[PDB]
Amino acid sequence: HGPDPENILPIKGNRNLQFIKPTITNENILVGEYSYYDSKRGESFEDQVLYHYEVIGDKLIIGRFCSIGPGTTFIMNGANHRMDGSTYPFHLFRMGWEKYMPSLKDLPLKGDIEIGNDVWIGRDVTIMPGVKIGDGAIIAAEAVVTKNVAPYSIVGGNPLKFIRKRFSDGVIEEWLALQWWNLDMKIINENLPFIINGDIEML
């Protein structure tokens, strides 16, 4: 009962909104069930993952029941130039320069992009490398995620600046202990009214 997490186009007539997990073809992208991307021009979610080279080996991770707004892009670590001296990538143009190859140790690598569950990412959000976003958080439109985002907090702007927390410090502990996105689907369905309207305490 509920849509098929493995069905790419779960909304009839709607060719723009896609469940991400079934469309992932490149490795190192790990997107949980039911998370979706609402595309501007109907293009694939993978087209929004930028500068993702297999040699650098970083991953992009997203949990379940995330909504990702149209135009959101993910700047993977391969985008960063070397910074010890000249940023110019001489080795790319070869003809004698190909022998000046940086290695992983020579680059400002920053780790994985880790986004939790039930995250609402707005429209045209740009996500910088190595960033961690917590569960239940809300990124505003046009945001540029430049620091980590705490669970169940609202953020937005460029550079990212904190706005507020969604619930009292105690109530957030409740959602994080609940972890409904992991509960058995037969159980999630029995409780969706409360997951949706926020009355968590009824469980």
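The numbering used is simple: start at 1 and walk along the sequence shown. Here, rigid core means the biggest group of C-alpha atoms that superpose within 1.5 Å across both forms.
- Superposing each structure in 4 other deposited structures of this protein on the rigid core shows that the farther-lying of 92-100 and 127-135, by root-mean-square Cα distance, is 92-100.
- Averaged over Cα atoms, the B-factor as recorded in the entry is higher for 100-108 than for the other of 100-108 and 70-78.
- When the mean C-alpha temperature factors of 25-33 and 149-157 are read from the deposited coordinates, 25-33 comes out higher.
- Split the chain's modelled residues into thirds by C-alpha temperature factor. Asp124 is in the lowest one.
- The PDB entry assigns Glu174 a C-alpha temperature factor belonging to the highest third of its chain's modelled residues.
- Ranked by C-alpha B-factor against the other modelled residues of its chain, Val55 falls in the highest third.
- Placement of the Cα temperature factor of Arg94 within the chain: highest third of the modelled residues, per the deposited record.
- Ranked by C-alpha B-factor against the other modelled residues of its chain, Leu183 falls in the middle third.
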